[PDB]
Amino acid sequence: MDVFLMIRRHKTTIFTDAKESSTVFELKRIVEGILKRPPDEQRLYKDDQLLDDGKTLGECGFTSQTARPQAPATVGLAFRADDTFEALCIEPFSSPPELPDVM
């Protein structure tokens, strides 16, 4: 069962899909192919919670019912900077303007 995700770090957002049965480590291998950072230099999160490599995406709360193509679930990403991992930081998207009077 496919889950649709947004892997987000700072001002980077990766749009990708994965199996609900696939693991956090397998998702780190996906990120490695894109951002060129090995899985040992990555930390994946669901909100403020660090995810375990051996856990499936379904076990981490990424279910097909909550990670939809039109409304994907967010996976936080933090990279290892030399000795220590940076704090999880996700830059918010811009704020829409005020709705015009006619709307």
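Just so we're on the same page, rigid core means the largest C-alpha set that superposes within 1.5 Å between forms. Note that residue numbering follows the sequence shown and begins at 1.
Between stretches 45-53 and 74-82, the one whose Cα atoms sit farther from the displayed model in 6 other deposited structures of this protein on average is 74-82 (core-aligned, root mean square). Once the rigid core is used to overlay the structures in 6 other deposited structures of this protein, the stretch among 83-91 and 19-27 whose CA atoms lie farther from this form is 83-91. Between 18-26 and 82-90, it is 82-90 that carries the larger average Cα temperature factor according to the deposited entry. Checked against the record, the higher mean CA B factor of 53-61 and 31-39 lies with 31-39. The entry lists a Cα temperature factor for residue 1 that places it in the middle third of the chain's modelled residues.
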